[PDB]
Amino acid sequence: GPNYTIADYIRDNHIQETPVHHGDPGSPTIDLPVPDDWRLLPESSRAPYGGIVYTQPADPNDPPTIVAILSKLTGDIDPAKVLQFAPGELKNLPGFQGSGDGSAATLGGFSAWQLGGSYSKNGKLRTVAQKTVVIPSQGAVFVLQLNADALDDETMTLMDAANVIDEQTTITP
């Protein structure tokens, strides 16, 4: 894609990135709320740091989901640059249609960025949203991404939960 992404920033600055899993020593404790009619997702390929899934999907093989990804960055890291380039990933999605590059946000005292829009996948319109939180810690910068994704016709269901996830998720270093 044409837009500069967090992945590009990590590459172009020789920053080491490693995945983080629940219980890793020295990692922050991050708990997502589980709204009514949603259920916890365990850690998996599709949900690296777990997430939540909607239990009454229109398509049981394609339910609304909000997944967490937690990475650990070490090296010469500017946390503000992670947030500056957070919009690139979504803006590079096939057929992405947005309402700007998002806006600044916070979570647990840590700076963040959130944006959303629609995109096309396999001839189906989807709603997507992403909140990125930078979590500077002992000798590293952790990056949390909360990725919401659902079919267009389930936008309201998705974003009602995403608003709760984006606001009530707790971060304890």
Side-chain angles (χ1 to χ4, degrees), residues 1-21 30 32 41 43-54 57-59 61-107 110-136 140-159 161-163 165-166 169 171:
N3 304 272
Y4 201 80
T5 63
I6 292 171
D8 297 334
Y9 170 75
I10 291 169
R11 185 188 68 254
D12 297 338
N13 292 272
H14 275 85
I15 288 158
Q16 172 155 6
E17 181 183 26
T18 66
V20 180
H21 300 283
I30 298 171
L32 276 61
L41 282 175
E43 293 193 354
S44 67
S45 293
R46 294 180 180 174
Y49 201 73
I52 57 171
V53 61
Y54 185 64
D59 181 356
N61 293 116
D62 191 10
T65 65
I66 302 176
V67 306
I69 306 177
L70 187 63
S71 52
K72 177 173 178 176
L73 304 181
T74 62
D76 192 356
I77 302 149
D78 184 342
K81 290 292 173 183
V82 176
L83 298 188
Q84 179 177 345
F85 303 129
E89 182 186 355
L90 257 58
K91 294 170 86 203
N92 285 350
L93 288 172
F96 181 77
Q97 201 81 5
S99 65
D101 292 59
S103 68
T106 69
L107 192 57
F110 297 97
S111 67
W113 194 269
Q114 194 270 348
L115 80 166
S118 302
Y119 80 111
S120 293
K121 182 171 184 169
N122 291 342
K124 292 173 158 65
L125 189 62
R126 310 186 67 84
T127 292
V128 63
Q130 179 183 72
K131 182 164 185 176
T132 300
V133 187
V134 292
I135 303 169
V141 175
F142 292 86
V143 180
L144 173 71
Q145 297 200 298
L146 301 166
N147 294 339
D149 196 316
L151 292 163
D152 179 65
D153 197 52
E154 284 163 309
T155 292
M156 176 178 157
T157 294
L158 180 70
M159 297 309 293
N163 292 347
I165 287 284
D166 286 355
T169 291
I171 302 174

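What's counted below: heavy atoms across the whole structure, side chains too, no hydrogens, waters or symmetry copies. All residue numbers refer to positions in the sequence shown, counting from 1.
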*Below 4.5 Å, heavy atoms only, C-beta onward: do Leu32 and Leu146 meet side chain to side chain?*
yes
*Is the CZ atom of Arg11 crowded by more than 12 outside heavy atoms at less than 6.0 Å?*
yes
*Intermediate values then yes/no, side-chain contact (heavy atoms from CB on, under 4.5 Å), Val67 and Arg46*: CA-CA 8 Å; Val67 306; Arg46 294 180 180 174; 5.8 Å; no
*Please report the closest heavy-atom contact between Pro63 and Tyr54, naming both atoms and the distance.*
CB-O, 4.0 Å
_With heavy-atom distances below 4.5 Å as the criterion, would you say the side chains of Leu158 and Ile66 are in contact?_
yes
*Side-chain touch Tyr49/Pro19, heavy atoms, less than 4.5 angstrom*: no
*Just wondering, do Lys131 and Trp113 contact through their side chains at under 4.5 Å, heavy atoms?*
no
*Side-chain heavy-atom pair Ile77, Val134 within 4.5 angstrom cut-off*: no
*asked:* Under a 4.0 Å threshold between the charged nitrogen and the carboxylate oxygen, would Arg126 count as salt-bridged to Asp62?
replied: yes
*Does the side chain of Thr132 come within less than 4.5 Å of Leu83's, by heavy atoms?*
yes
*asked:* Could you measure the distance from the CG atom of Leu107 to the CD1 atom of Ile135? Nearest 0.5 Å is fine.
replied: 7.5 Å
*Test item: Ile30 and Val133 side chains (from C-beta on) under 4.5 Å apart, heavy atoms*: no
*How close do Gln114 and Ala129 get, heavy atom to heavy atom, and via which atoms?*
NE2-CB, 3.9 Å
*Parallel under 30°, tilted from 30 to 60°, perpendicular over 60°: which one fits the rings of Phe85 and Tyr9?*
tilted
*asked:* List the residues meeting ring pair (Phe, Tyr, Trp, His ring centres under 6.0 Å) with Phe142, not counting sequence neighbours, and say none if there are none.
replied: none
*Output every pair passing salt bridge (charged side-chain N to carboxylate O under 4.0 Å, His left out) with a member in residues 64-80, not counting sequence neighbours, ordered by first then second residue.*
none
*Got a sec, which pairs hit salt bridge (charged side-chain N to carboxylate O under 4.0 Å, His left out) with one end in residues 79-94, sequence neighbours left out?*
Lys91-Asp101
*Looking at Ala58 and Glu154, what are the two nearest heavy atoms and their distance?*
N-OE2, 2.9 Å
*Looking at side-chain heavy atoms only, is the closest gap between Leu41 and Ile52 below 4.5 Å?*
no
*Determine, stepwise, if the pair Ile6 / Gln145 fulfils side-chain contact (heavy atoms from CB on, under 4.5 Å).*
CA-CA 11 Å; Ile6 292 171; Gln145 297 200 298; 3.7 Å; yes
